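K.L.:
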Ligand SMILES: [Zn+2]
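Numbering (the numbering used here), first residue to last: 10 to 45.
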């Protein structure tokens, strides 16, 4: 699922897509990280 080199700009958990790696990062840091 991770810790290697999987996925790119799409969330399998939220079934969402991103046209920019920056967005996929912002989603993981914002959506899956609301208290870093
Ligand atoms: Zn997600």
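Just so you know, even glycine gets a beta-carbon here, dropped at the ideal spot from N, CA and C.
1. Can you grab the Cα-Cα spacing for the pair residue 100 / residue 45, in whole Å?
2. If residue 40 and residue 18 are in contact, beta carbons under 8 Å, what's the gap, nearest whole angstrom?
3. List the DSSP bridge partners of residue 20.
4. Starting from residue 35 and walking both ways along the alpha helix (DSSP H), at which residues does that stretch end?
5. Using C-beta distances below 8 Å, list every residue in its chain close to residue 36, excluding the 5 sequence neighbours before and after it, in chain order.
P.N.:
Based on what the coordinates show:
1. Look at the range of the chain in this structure, 10 to 45, and you will see that residue 100 is not part of it.
2. About 13 Å separates the two Cβ atoms, so there is no contact after all.
3. 25
4. Element bounds for residue 35: 30-39.
5. 20, 23, 25 and 27
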